[PDB]
$ cat work13.tsv   # TSV, C-alpha atoms and all ligand atoms
chain	number	residue	atom	x	y	z
A	80	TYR	CA	11.39	-0.55	-20.90
A	81	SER	CA	14.20	-3.14	-20.47
A	82	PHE	CA	15.53	-4.51	-17.22
A	83	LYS	CA	18.24	-7.09	-16.62
A	84	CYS	CA	18.26	-9.39	-13.55
A	85	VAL	CA	21.55	-8.64	-11.72
A	86	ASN	CA	21.30	-10.46	-8.39
A	87	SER	CA	19.05	-12.51	-6.12
A	88	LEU	CA	19.14	-13.71	-2.49
A	89	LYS	CA	17.15	-15.70	0.04
A	90	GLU	CA	16.47	-14.80	3.69
A	91	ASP	CA	17.23	-17.54	6.34
A	92	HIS	CA	13.70	-17.80	7.75
A	93	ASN	CA	12.28	-19.57	4.64
A	94	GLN	CA	8.83	-17.93	5.20
A	95	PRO	CA	7.10	-15.78	2.59
A	96	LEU	CA	8.31	-12.23	2.01
A	97	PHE	CA	4.94	-10.52	1.77
A	98	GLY	CA	6.11	-6.93	1.31
A	99	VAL	CA	8.90	-4.72	-0.12
A	100	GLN	CA	9.26	-0.86	-0.19
A	101	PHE	CA	12.12	1.33	-1.39
A	102	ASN	CA	12.50	4.40	0.79
A	103	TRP	CA	11.45	7.45	-1.38
A	104	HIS	CA	11.33	9.78	1.69
A	105	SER	CA	14.99	10.90	1.76
A	106	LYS	CA	17.11	7.95	0.31
A	111	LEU	CA	19.18	3.38	-2.50
A	112	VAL	CA	17.57	1.57	0.53
A	113	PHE	CA	14.67	-0.91	0.59
A	114	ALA	CA	12.77	-2.80	3.34
A	115	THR	CA	11.48	-6.41	3.13
A	116	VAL	CA	8.82	-7.81	5.48
A	117	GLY	CA	8.27	-11.49	6.20
A	118	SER	CA	8.19	-13.90	9.13
A	119	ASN	CA	8.29	-11.73	12.28
A	120	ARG	CA	10.89	-9.33	10.90
A	121	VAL	CA	11.62	-6.34	8.75
A	122	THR	CA	15.00	-6.12	6.96
A	123	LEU	CA	16.87	-3.18	5.42
A	124	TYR	CA	19.20	-3.58	2.36
A	125	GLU	CA	21.18	-1.02	0.42
A	126	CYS	CA	21.68	-1.24	-3.40
A	127	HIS	CA	25.25	-0.91	-4.78
A	128	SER	CA	26.98	-1.35	-8.18
A	129	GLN	CA	27.58	-4.75	-9.89
A	130	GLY	CA	24.17	-5.73	-8.53
A	131	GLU	CA	25.29	-5.83	-4.86
A	132	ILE	CA	22.49	-5.97	-2.29
A	133	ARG	CA	24.21	-5.09	1.05
A	134	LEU	CA	22.48	-6.44	4.22
A	135	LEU	CA	22.10	-3.78	6.89
A	136	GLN	CA	20.01	-4.59	9.97
A	137	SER	CA	16.64	-6.17	10.97
A	138	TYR	CA	13.93	-5.51	13.50
A	139	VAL	CA	12.75	-8.87	14.96
A	140	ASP	CA	9.49	-8.81	16.94
A	141	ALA	CA	9.60	-10.22	20.57
A	142	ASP	CA	6.58	-12.35	19.65
A	143	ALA	CA	7.87	-15.29	17.53
A	144	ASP	CA	4.22	-15.73	16.40
A	145	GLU	CA	3.90	-12.22	14.83
A	146	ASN	CA	3.82	-12.21	11.04
A	147	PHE	CA	4.49	-8.86	9.37
A	148	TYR	CA	2.56	-8.32	6.14
A	149	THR	CA	3.40	-4.76	5.10
A	150	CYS	CA	5.46	-1.62	5.75
A	151	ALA	CA	5.42	2.05	4.72
A	152	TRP	CA	7.92	4.92	4.87
A	153	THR	CA	7.51	8.48	6.09
A	154	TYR	CA	9.47	11.33	7.79
A	155	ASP	CA	9.74	11.93	11.50
A	156	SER	CA	8.33	15.46	11.97
A	157	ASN	CA	10.22	15.67	15.38
A	158	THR	CA	13.63	14.40	14.18
A	159	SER	CA	13.44	15.08	10.35
A	160	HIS	CA	14.73	11.49	9.75
A	161	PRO	CA	13.00	8.73	7.71
A	162	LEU	CA	10.74	6.37	9.73
A	163	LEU	CA	9.27	2.94	8.90
A	164	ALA	CA	5.83	1.76	9.91
A	165	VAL	CA	5.35	-2.09	10.01
A	166	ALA	CA	2.30	-4.22	10.85
A	167	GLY	CA	0.81	-7.72	10.29
A	168	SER	CA	-1.10	-10.59	12.03
A	169	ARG	CA	-1.10	-9.21	15.61
A	170	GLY	CA	-2.73	-5.95	14.38
A	171	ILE	CA	-0.03	-3.82	16.04
A	172	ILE	CA	1.60	-0.90	14.16
A	173	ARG	CA	5.32	-0.63	14.99
A	174	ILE	CA	7.09	2.72	14.30
A	175	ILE	CA	10.73	1.80	13.63
A	176	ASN	CA	13.74	4.11	13.46
A	177	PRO	CA	15.48	2.68	10.32
A	178	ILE	CA	18.94	3.85	11.39
A	179	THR	CA	19.07	1.78	14.60
A	180	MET	CA	16.07	-0.49	13.91
A	181	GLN	CA	14.74	0.59	17.36
A	182	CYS	CA	10.98	0.48	17.83
A	183	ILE	CA	10.10	4.00	18.85
A	184	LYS	CA	6.34	3.53	19.53
A	185	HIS	CA	3.32	1.39	18.62
A	186	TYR	CA	-0.40	1.63	18.00
A	187	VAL	CA	-3.08	-0.91	18.85
A	188	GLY	CA	-6.54	-0.72	17.26
A	189	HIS	CA	-8.71	-3.61	18.42
A	190	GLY	CA	-5.74	-6.00	17.76
A	191	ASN	CA	-6.98	-7.78	14.55
A	192	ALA	CA	-4.70	-8.39	11.51
A	193	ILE	CA	-3.52	-5.31	9.56
A	194	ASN	CA	-3.40	-6.00	5.80
A	195	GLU	CA	-2.11	-2.59	4.52
A	196	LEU	CA	-0.44	0.67	5.63
A	197	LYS	CA	-0.25	3.91	3.66
A	198	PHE	CA	1.02	7.42	4.49
A	199	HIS	CA	-0.82	10.56	3.28
A	200	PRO	CA	0.91	12.07	0.18
A	201	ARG	CA	1.11	15.60	1.71
A	202	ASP	CA	1.16	15.02	5.45
A	203	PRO	CA	3.84	12.56	6.60
A	204	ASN	CA	2.09	12.17	10.07
A	205	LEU	CA	-1.20	10.73	8.70
A	206	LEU	CA	-1.09	6.94	8.58
A	207	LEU	CA	-3.93	4.82	7.17
A	208	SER	CA	-4.21	1.15	8.27
A	209	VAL	CA	-6.69	-1.38	6.80
A	210	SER	CA	-7.82	-4.41	8.86
A	211	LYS	CA	-9.13	-7.94	8.89
A	212	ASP	CA	-11.78	-6.52	11.32
A	213	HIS	CA	-13.62	-4.77	8.39
A	214	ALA	CA	-12.42	-1.26	9.32
A	215	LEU	CA	-9.91	1.39	8.09
A	216	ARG	CA	-8.27	3.61	10.75
A	217	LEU	CA	-6.53	6.98	10.26
A	218	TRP	CA	-3.80	7.83	12.80
A	219	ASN	CA	-1.86	10.99	13.56
A	220	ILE	CA	1.62	9.78	14.48
A	221	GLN	CA	2.80	13.22	15.67
A	222	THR	CA	0.22	13.44	18.49
A	223	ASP	CA	-0.39	9.61	18.76
A	224	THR	CA	-4.15	9.98	18.12
A	225	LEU	CA	-6.74	7.80	16.36
A	226	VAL	CA	-8.30	10.44	14.06
A	227	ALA	CA	-11.06	8.33	12.43
A	228	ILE	CA	-12.46	4.76	12.01
A	229	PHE	CA	-13.99	4.04	8.60
A	230	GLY	CA	-16.45	1.18	9.08
A	231	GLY	CA	-19.81	0.19	10.44
A	232	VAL	CA	-23.27	0.76	8.95
A	233	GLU	CA	-22.23	0.83	5.27
A	234	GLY	CA	-18.50	-0.06	5.46
A	235	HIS	CA	-16.83	-3.27	4.44
A	236	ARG	CA	-18.63	-6.53	5.42
A	237	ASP	CA	-15.46	-8.66	5.40
A	238	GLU	CA	-11.60	-8.14	5.65
A	239	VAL	CA	-10.27	-4.90	4.14
A	240	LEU	CA	-7.21	-5.91	1.98
A	241	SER	CA	-6.06	-2.66	0.42
A	242	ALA	CA	-6.48	1.10	0.24
A	243	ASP	CA	-4.99	4.16	-1.41
A	244	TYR	CA	-4.99	7.95	-1.04
A	245	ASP	CA	-5.54	10.03	-4.21
A	246	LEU	CA	-2.84	12.49	-5.35
A	247	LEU	CA	-3.86	15.29	-3.05
A	248	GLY	CA	-4.93	13.11	-0.08
A	249	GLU	CA	-8.51	14.41	-0.32
A	250	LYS	CA	-10.02	10.90	-0.61
A	251	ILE	CA	-9.32	7.20	-0.03
A	252	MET	CA	-10.43	4.23	-2.07
A	253	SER	CA	-10.54	0.94	-0.15
A	254	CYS	CA	-11.27	-2.67	-1.24
A	255	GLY	CA	-11.72	-6.10	0.24
A	256	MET	CA	-12.94	-9.66	0.62
A	257	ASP	CA	-16.54	-8.48	0.25
A	258	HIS	CA	-15.67	-7.87	-3.51
A	259	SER	CA	-16.37	-4.14	-3.02
A	260	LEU	CA	-14.47	-0.87	-3.67
A	261	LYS	CA	-15.45	2.07	-1.43
A	262	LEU	CA	-14.63	5.80	-1.55
A	263	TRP	CA	-14.14	7.82	1.62
A	264	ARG	CA	-13.70	11.59	1.26
A	265	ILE	CA	-11.39	13.18	3.92
A	266	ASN	CA	-11.71	16.79	2.74
A	267	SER	CA	-15.21	17.11	4.28
A	268	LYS	CA	-15.53	19.92	6.91
A	269	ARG	CA	-16.00	17.12	9.47
A	270	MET	CA	-12.69	15.35	8.50
A	271	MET	CA	-10.57	18.55	8.00
A	272	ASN	CA	-11.77	19.69	11.41
A	273	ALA	CA	-10.98	16.28	13.03
A	274	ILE	CA	-7.41	16.33	11.56
A	275	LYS	CA	-6.94	19.87	12.89
A	276	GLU	CA	-8.12	18.75	16.40
A	277	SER	CA	-5.73	15.75	16.32
A	278	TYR	CA	-2.86	18.29	15.96
A	279	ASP	CA	-4.24	20.40	18.84
A	280	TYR	CA	-4.39	17.37	21.17
A	281	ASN	CA	-1.80	17.02	23.94
A	282	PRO	CA	-2.83	14.55	26.67
A	283	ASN	CA	-0.46	16.30	29.11
A	284	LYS	CA	-2.39	19.62	28.78
A	285	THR	CA	-6.00	18.31	29.06
A	286	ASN	CA	-8.42	15.99	30.86
A	287	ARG	CA	-10.27	14.72	27.78
A	288	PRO	CA	-9.50	11.59	25.72
A	289	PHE	CA	-9.16	12.34	22.01
A	290	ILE	CA	-12.50	11.62	20.42
A	291	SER	CA	-12.24	9.66	17.10
A	292	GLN	CA	-14.67	10.15	14.17
A	293	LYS	CA	-16.81	7.10	13.45
A	294	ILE	CA	-17.47	7.30	9.70
A	295	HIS	CA	-20.21	4.73	8.94
A	296	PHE	CA	-21.04	5.79	5.32
A	297	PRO	CA	-18.73	5.73	2.30
A	298	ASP	CA	-19.09	8.44	-0.42
A	299	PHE	CA	-19.39	5.83	-3.24
A	300	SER	CA	-19.40	2.03	-3.33
A	301	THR	CA	-19.34	-0.67	-6.05
A	302	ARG	CA	-19.29	-4.48	-6.36
A	303	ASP	CA	-19.50	-4.37	-10.20
A	304	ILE	CA	-15.76	-4.42	-11.01
A	305	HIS	CA	-14.56	-7.84	-9.82
A	306	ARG	CA	-16.28	-11.18	-9.04
A	307	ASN	CA	-14.06	-12.08	-6.09
A	308	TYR	CA	-11.79	-10.61	-3.31
A	309	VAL	CA	-10.35	-7.29	-4.34
A	310	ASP	CA	-6.74	-7.45	-3.03
A	311	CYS	CA	-5.01	-4.31	-4.43
A	312	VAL	CA	-6.12	-0.77	-5.39
A	313	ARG	CA	-4.50	2.46	-6.65
A	314	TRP	CA	-5.54	5.82	-7.88
A	315	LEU	CA	-4.29	6.83	-11.36
A	316	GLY	CA	-5.28	10.50	-11.27
A	317	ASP	CA	-9.11	10.42	-11.10
A	318	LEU	CA	-9.22	6.80	-12.44
A	319	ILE	CA	-8.84	3.61	-10.40
A	320	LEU	CA	-6.63	0.58	-10.92
A	321	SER	CA	-7.73	-2.52	-9.03
A	322	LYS	CA	-7.35	-6.27	-9.08
A	323	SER	CA	-8.84	-9.53	-7.84
A	324	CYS	CA	-7.58	-13.17	-8.35
A	325	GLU	CA	-9.09	-13.38	-11.86
A	326	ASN	CA	-5.74	-12.61	-13.66
A	327	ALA	CA	-6.66	-8.90	-14.53
A	328	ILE	CA	-6.00	-5.35	-13.45
A	329	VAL	CA	-9.16	-3.33	-14.27
A	330	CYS	CA	-8.89	0.40	-15.03
A	331	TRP	CA	-12.25	2.06	-14.14
A	332	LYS	CA	-14.03	5.17	-12.77
A	333	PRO	CA	-17.18	5.82	-10.66
A	334	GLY	CA	-20.15	7.11	-12.70
A	335	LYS	CA	-20.55	7.47	-16.47
A	336	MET	CA	-17.72	8.27	-18.91
A	337	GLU	CA	-18.08	12.00	-18.57
A	338	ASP	CA	-18.71	12.29	-14.76
A	339	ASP	CA	-16.20	14.30	-12.64
A	340	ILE	CA	-14.99	12.31	-9.59
A	341	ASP	CA	-15.82	15.23	-7.25
A	342	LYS	CA	-19.48	15.41	-8.38
A	343	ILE	CA	-20.04	11.69	-7.69
A	344	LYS	CA	-22.71	11.20	-4.91
A	345	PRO	CA	-23.05	8.16	-2.51
A	346	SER	CA	-26.10	6.87	-4.43
A	347	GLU	CA	-24.12	6.50	-7.72
A	348	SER	CA	-25.14	3.22	-9.34
A	349	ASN	CA	-22.85	3.39	-12.40
A	350	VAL	CA	-19.19	2.61	-13.09
A	351	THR	CA	-17.18	2.93	-16.35
A	352	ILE	CA	-14.52	0.43	-17.54
A	353	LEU	CA	-11.64	2.07	-19.42
A	354	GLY	CA	-9.41	-0.96	-19.87
A	355	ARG	CA	-8.26	-4.29	-18.53
A	356	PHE	CA	-4.72	-5.61	-18.35
A	357	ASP	CA	-4.70	-9.44	-18.47
A	358	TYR	CA	-1.84	-11.74	-17.41
A	359	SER	CA	-1.42	-15.36	-16.27
A	360	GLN	CA	-1.14	-17.59	-13.23
A	361	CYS	CA	-2.01	-15.12	-10.46
A	362	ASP	CA	-5.16	-16.55	-8.87
A	363	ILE	CA	-3.95	-16.81	-5.28
A	364	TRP	CA	-4.93	-13.77	-3.16
A	365	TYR	CA	-2.77	-10.97	-1.64
A	366	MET	CA	-0.66	-10.38	-4.81
A	367	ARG	CA	0.06	-6.65	-4.98
A	368	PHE	CA	0.94	-4.47	-7.92
A	369	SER	CA	2.99	-1.26	-7.57
A	370	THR	CA	3.78	1.90	-9.63
A	371	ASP	CA	6.98	3.95	-9.92
A	372	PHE	CA	7.21	7.46	-8.33
A	373	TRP	CA	5.90	9.25	-11.47
A	374	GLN	CA	3.23	6.63	-12.28
A	375	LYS	CA	4.67	6.03	-15.70
A	376	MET	CA	4.91	2.32	-14.99
A	377	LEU	CA	2.94	-0.49	-13.31
A	378	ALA	CA	4.58	-3.77	-12.07
A	379	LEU	CA	2.97	-7.08	-10.92
A	380	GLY	CA	4.43	-10.51	-10.10
A	381	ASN	CA	2.58	-13.79	-10.60
A	382	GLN	CA	2.54	-17.07	-8.63
A	383	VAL	CA	5.32	-18.70	-10.77
A	384	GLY	CA	7.94	-15.91	-10.65
A	385	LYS	CA	7.10	-14.04	-13.84
A	386	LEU	CA	7.01	-10.16	-13.74
A	387	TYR	CA	4.68	-8.03	-15.85
A	388	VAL	CA	5.53	-4.33	-16.36
A	389	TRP	CA	3.04	-1.96	-18.06
A	390	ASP	CA	4.06	1.38	-19.69
A	391	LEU	CA	1.29	3.85	-18.73
A	392	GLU	CA	2.70	6.70	-20.80
A	393	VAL	CA	0.08	6.47	-23.61
A	394	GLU	CA	-3.07	8.53	-24.40
A	395	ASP	CA	-5.68	6.17	-22.95
A	396	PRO	CA	-5.48	3.44	-20.25
A	397	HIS	CA	-6.27	0.56	-22.73
A	398	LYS	CA	-3.20	1.44	-24.84
A	399	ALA	CA	-0.75	0.44	-22.02
A	400	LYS	CA	2.35	-1.46	-23.27
A	401	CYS	CA	3.40	-4.66	-21.54
A	402	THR	CA	6.91	-6.00	-21.08
A	403	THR	CA	7.64	-9.32	-19.27
A	404	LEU	CA	10.63	-10.27	-17.11
A	405	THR	CA	11.59	-13.91	-16.40
A	406	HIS	CA	14.55	-15.76	-14.84
A	407	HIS	CA	15.01	-19.54	-15.05
A	408	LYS	CA	15.79	-19.71	-11.29
A	409	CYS	CA	12.90	-17.43	-10.27
A	410	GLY	CA	9.97	-19.80	-9.85
A	411	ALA	CA	8.18	-18.91	-6.55
A	412	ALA	CA	5.15	-16.60	-6.18
A	413	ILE	CA	6.10	-12.89	-6.25
A	414	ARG	CA	4.02	-11.12	-3.55
A	415	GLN	CA	5.08	-7.52	-4.08
A	416	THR	CA	7.42	-5.34	-6.20
A	417	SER	CA	8.97	-1.87	-5.53
A	418	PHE	CA	10.73	0.67	-7.79
A	419	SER	CA	13.59	2.84	-6.52
A	420	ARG	CA	12.77	6.64	-6.45
A	421	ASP	CA	14.86	7.24	-9.65
A	422	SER	CA	13.05	4.33	-11.38
A	423	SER	CA	16.44	2.57	-12.15
A	424	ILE	CA	15.89	-0.57	-9.98
A	425	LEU	CA	13.04	-2.98	-9.55
A	426	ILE	CA	12.85	-5.42	-6.55
A	427	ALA	CA	10.49	-8.45	-6.42
A	428	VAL	CA	10.11	-10.57	-3.24
A	429	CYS	CA	8.79	-14.11	-3.10
A	430	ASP	CA	6.97	-16.86	-1.13
A	431	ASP	CA	10.22	-18.82	-0.76
A	432	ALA	CA	11.91	-15.77	0.98
A	433	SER	CA	13.92	-14.88	-2.16
A	434	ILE	CA	14.65	-11.29	-3.32
A	435	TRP	CA	15.18	-10.43	-7.01
A	436	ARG	CA	16.95	-7.35	-8.31
A	437	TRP	CA	16.29	-5.93	-11.78
A	438	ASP	CA	18.28	-2.98	-13.12
A	439	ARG	CA	17.00	-0.81	-15.90
A	440	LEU	CA	18.82	-0.66	-19.28
B	501	LIG	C1	-0.47	-12.90	5.26
B	501	LIG	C2	-1.26	-12.02	4.30
B	501	LIG	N1	-2.66	-12.46	4.26
B	501	LIG	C3	-3.46	-11.23	4.26
B	501	LIG	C4	-3.03	-13.25	5.44
B	501	LIG	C5	-2.91	-13.16	2.97
B	501	LIG	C6	-2.58	-14.64	2.85
B	501	LIG	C7	-2.90	-15.18	1.45
B	501	LIG	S1	-2.02	-16.58	1.12
B	501	LIG	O1	-2.64	-17.66	1.93
B	501	LIG	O2	-2.09	-16.91	-0.35
B	501	LIG	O3	-0.62	-16.41	1.60
$ encode --input "work13.tsv" --output "structure tokens" --more "lines below"
Ligand SMILES: CC[N+](C)(C)CCCS(=O)(=O)[O-]
Amino acid sequence: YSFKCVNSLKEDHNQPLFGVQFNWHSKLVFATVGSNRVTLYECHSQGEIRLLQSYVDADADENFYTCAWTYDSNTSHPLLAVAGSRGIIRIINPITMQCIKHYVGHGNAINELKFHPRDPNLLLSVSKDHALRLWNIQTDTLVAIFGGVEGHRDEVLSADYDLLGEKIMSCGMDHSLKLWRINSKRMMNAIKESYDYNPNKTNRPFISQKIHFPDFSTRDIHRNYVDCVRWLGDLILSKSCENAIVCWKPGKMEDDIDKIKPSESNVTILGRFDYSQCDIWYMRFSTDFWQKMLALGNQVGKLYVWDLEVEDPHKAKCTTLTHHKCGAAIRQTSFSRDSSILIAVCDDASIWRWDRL
């Protein structure tokens, strides 16, 4: 893999850009999130990054941390979910940048958003208040709260759906990774009820599931805050601030993920990808659409890209990408849907565009 840096820019607010996401759900357009805004850009030839339009929150004290794309099931158009410090989810029409609707949990910071891989209405949020929440954005219902008796004991920083959206792995400041299965009879039934719920046709409130018990948990992977997690098939990729992505699985080497029980005491390490100078927290890796490649920025503007197309996780091939003018911490990266462009965004509000050759 070989990429050439073709352009860069800086947003006027001079605050960190915490998040970036290409739109894969219909569109080449990407969103950046930082300060109290979200900004859309469109990629063109000769490295042009064309500024479109922003959403700016009415609260000058809001700080957006993340965003996530989906489809509107009512209008067929792409939609953008944004959230951050105020713990309010904004659903933004990316055409007009109008805020169409919002969701409030208990109102504590939201660290991550993810949409279900098969159902564009099912939005997962992870919070500074120790809980995950699953929302149905067609019927505007809180489907479930994941938290409580054996949930996270400190801020949740990240989470990810598996390929099918049957299960979620979450991770946090408590150093733990926790599995929550959503293909239980209980959860499939609760999703089905969320779709049957119309507040205009009934007297009841929608009753949320309180899921107090994860289906697997470990603290044996990292020795500090776990700030980013991803499924790679049935394996997990996760990181802390100890300059490593660990590739691992619940149970022993030969255990199937779907036969893992909540009492499982074992994990298996399949590999570890080391790098340098990335010991501040909330530094997120990303993969391309096909999960052939894995990209992470460090705190001094260096990019690491791993080629995952090898027989075993430990055989991954690393390429590094540097620019003499790119020296601020890279918080997140995103690949275009066709894998031809890589964007990195930075603590100094700078955006970096890398085109594949
Ligand atoms: C703004 C994102 N949160 C979750 C607060 C992480 C801040 C980590 S920091 O202080 O290195 O920017």
$ residues_near_ligand --input "work13.tsv" --ligand "ligand LIG 501 (chain B)" --cutoff "10 Å" --atoms "only C-alpha atoms and all ligand atoms" --output "number ranges by chain"
A: 95-98, 117-118, 146-149, 167-168, 192-195, 210-211, 238-241, 310, 362-366, 382, 412, 414, 430
$ write_last_selection --input "work13.tsv" --atoms "C-alpha atoms" --output "PDB file, keeping the file's coordinate frame"
ATOM      1  CA  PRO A  95       7.100 -15.780   2.590  1.00  0.00           C
ATOM      2  CA  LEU A  96       8.310 -12.230   2.010  1.00  0.00           C
ATOM      3  CA  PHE A  97       4.940 -10.520   1.770  1.00  0.00           C
ATOM      4  CA  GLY A  98       6.110  -6.930   1.310  1.00  0.00           C
ATOM      5  CA  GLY A 117       8.270 -11.490   6.200  1.00  0.00           C
ATOM      6  CA  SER A 118       8.190 -13.900   9.130  1.00  0.00           C
ATOM      7  CA  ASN A 146       3.820 -12.210  11.040  1.00  0.00           C
ATOM      8  CA  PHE A 147       4.490  -8.860   9.370  1.00  0.00           C
ATOM      9  CA  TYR A 148       2.560  -8.320   6.140  1.00  0.00           C
ATOM     10  CA  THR A 149       3.400  -4.760   5.100  1.00  0.00           C
ATOM     11  CA  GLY A 167       0.810  -7.720  10.290  1.00  0.00           C
ATOM     12  CA  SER A 168      -1.100 -10.590  12.030  1.00  0.00           C
ATOM     13  CA  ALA A 192      -4.700  -8.390  11.510  1.00  0.00           C
ATOM     14  CA  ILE A 193      -3.520  -5.310   9.560  1.00  0.00           C
ATOM     15  CA  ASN A 194      -3.400  -6.000   5.800  1.00  0.00           C
ATOM     16  CA  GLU A 195      -2.110  -2.590   4.520  1.00  0.00           C
ATOM     17  CA  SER A 210      -7.820  -4.410   8.860  1.00  0.00           C
ATOM     18  CA  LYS A 211      -9.130  -7.940   8.890  1.00  0.00           C
ATOM     19  CA  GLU A 238     -11.600  -8.140   5.650  1.00  0.00           C
ATOM     20  CA  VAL A 239     -10.270  -4.900   4.140  1.00  0.00           C
ATOM     21  CA  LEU A 240      -7.210  -5.910   1.980  1.00  0.00           C
ATOM     22  CA  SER A 241      -6.060  -2.660   0.420  1.00  0.00           C
ATOM     23  CA  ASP A 310      -6.740  -7.450  -3.030  1.00  0.00           C
ATOM     24  CA  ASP A 362      -5.160 -16.550  -8.870  1.00  0.00           C
ATOM     25  CA  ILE A 363      -3.950 -16.810  -5.280  1.00  0.00           C
ATOM     26  CA  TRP A 364      -4.930 -13.770  -3.160  1.00  0.00           C
ATOM     27  CA  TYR A 365      -2.770 -10.970  -1.640  1.00  0.00           C
ATOM     28  CA  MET A 366      -0.660 -10.380  -4.810  1.00  0.00           C
ATOM     29  CA  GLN A 382       2.540 -17.070  -8.630  1.00  0.00           C
ATOM     30  CA  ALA A 412       5.150 -16.600  -6.180  1.00  0.00           C
ATOM     31  CA  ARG A 414       4.020 -11.120  -3.550  1.00  0.00           C
ATOM     32  CA  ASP A 430       6.970 -16.860  -1.130  1.00  0.00           C
TER      33      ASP A 430
END
$ closest_residue --input "work13.tsv" --among "A:119, A:143, A:378, A:220" --to "residue 163 in chain A" --atoms "all atoms listed in the file"
A:220
$ residues_around --input "work13.tsv" --residues "residue 127 in chain A" --least-positions-apart "5" --cutoff "10 Å" --atoms "only C-alpha atoms" --output "CSV table (one decimal) with C-alpha atoms, in the coordinates of the input"
chain,number,residue,atom,x,y,z
A,111,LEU,CA,19.2,3.4,-2.5
A,112,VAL,CA,17.6,1.6,0.5
A,132,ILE,CA,22.5,-6.0,-2.3
A,133,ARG,CA,24.2,-5.1,1.0
$ atom_distance --input "work13.tsv" --atom1 "CA of residue 243 in chain A" --atom2 "CA of residue 386 in chain A"
22.4 Å
$ residues_near_point --input "work13.tsv" --point "(17.3, 3.1, -9.7)" --cutoff "12 Å" --atoms "only C-alpha atoms" --output "PyMOL selection string"
chain A and resi 82+101-103+106+111-113+125-128+130+371-372+417-426+436-440
$ closest_residue --input "work13.tsv" --among "A:415, A:300, A:87, A:349" --to "residue 251 in chain A" --atoms "only C-alpha atoms"
A:300
$ closest_residue --input "work13.tsv" --among "A:261, A:319, A:225, A:100" --to "residue 277 in chain A" --atoms "all atoms listed in the file"
A:225
$ residues_around --input "work13.tsv" --residues "residue 293 in chain A" --least-positions-apart "4" --cutoff "10 Å" --atoms "only C-alpha atoms" --output "list in words"
residues 216, 226, 227, 228, 229, 230 and 231 of chain A
$ residues_near_point --input "work13.tsv" --point "(12.4, -14.5, -16.6)" --cutoff "9 Å" --atoms "only C-alpha atoms" --output "ChimeraX atom specification"
/A:84,384-386,403-410
